[PDB]
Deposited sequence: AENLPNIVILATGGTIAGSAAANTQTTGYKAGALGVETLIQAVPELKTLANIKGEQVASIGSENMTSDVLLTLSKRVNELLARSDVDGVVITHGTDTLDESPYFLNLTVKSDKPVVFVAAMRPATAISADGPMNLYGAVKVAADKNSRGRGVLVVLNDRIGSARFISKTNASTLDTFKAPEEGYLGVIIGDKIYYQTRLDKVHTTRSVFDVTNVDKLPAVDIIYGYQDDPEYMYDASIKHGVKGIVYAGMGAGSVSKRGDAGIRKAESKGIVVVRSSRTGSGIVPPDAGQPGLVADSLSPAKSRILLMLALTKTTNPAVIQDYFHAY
């Protein structure tokens, strides 16, 4: 008997989703596959609403006994957010594997097929359980907490220079190397099963001559949180400093992230806002949205950034 894998489609160039089984007949030797269409939009259009629907459905399917693992086909453009959202909102140790493609299915040497094969193989493997949400492309198995799209148009784009990959897929075999040393899945305190709408969170970029009016626009629309993609280690300019303090005076929680692409944004009492640890602007937004459904205490939200 083979494992039971459920493929949730959200759109992307990886694909209908029912044509894939006929195009990749090697999946038959992996597991019993059942497809399901959740959404049909590009990742660039992936919204906070669809992530709620996706997460609730994942927790419902993983609760069943006739479901061993879930493979989620998604677009590459916002694969920095999606997997990490599920990494904090899934209440099961069963494998949730995100898969995508950098080349269209009709392109020469399309990466779709092999990426899909690797994703299902990971979800059907019992050793891959309890490792947090996973992302599989280019024979790599990345952690949702660290993996991000580092290049605009290459196949090997998904990397995590400072953290590497959890494991790899070579010669039709899986090789696990490291484990995520952060709070994830079953040990997470974030439960959005009842949540209907998530708090609004903007992302403002840090740069030379950065305008203060961007922060004013976020305040006008009464957003609950702001992630600052700052220069270097979350460093603020005189205009950015004024904009952040103006937001904090309105009760808005501001988290200082970095535009660099990796590294630690350290705590600093001389600067306003909380720090994003090693979380990117995109992922810092996700954690902030979920943290705002739980509390408004700066010290508690700061704890989440150093632990999740």
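Coordinate coverage of the deposited sequence is interrupted at 1-2, 18-34, where no C-alpha atom was modelled.
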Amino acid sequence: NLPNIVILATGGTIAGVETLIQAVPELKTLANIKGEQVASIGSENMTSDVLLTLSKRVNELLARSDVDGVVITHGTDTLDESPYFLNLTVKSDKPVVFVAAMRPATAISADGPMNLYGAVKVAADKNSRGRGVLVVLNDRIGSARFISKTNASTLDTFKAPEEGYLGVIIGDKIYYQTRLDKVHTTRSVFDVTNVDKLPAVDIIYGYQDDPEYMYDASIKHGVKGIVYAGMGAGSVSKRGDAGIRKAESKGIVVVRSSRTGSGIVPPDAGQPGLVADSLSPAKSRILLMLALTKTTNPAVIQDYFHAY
From here on, numbers count along this sequence of modelled residues.
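Looking at 135-143 and 181-189 together, the entry lists the larger mean B-factor for 181-189, computed on C-alpha atoms. Averaged over Cα atoms, the B-factor as recorded in the entry is higher for 93-101 than for the other of 161-169 and 93-101. For the set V265, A63, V254, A282, the PDB entry puts the maximum C-alpha B factor at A63.
Ranked by Cα temperature factor within the chain, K28 sits in the highest third according to the deposited record. In this PDB entry, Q271 carries a Cα temperature factor that places it within the middle third of its chain's modelled residues. Ranked by C-alpha B-factor against the other modelled residues of its chain, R259 falls in the lowest third. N194 sits in the highest third of its chain by CA B factor, as recorded in the PDB entry. In the deposited entry, the Cα temperature factor of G243 places it in the middle third of its chain's modelled residues.
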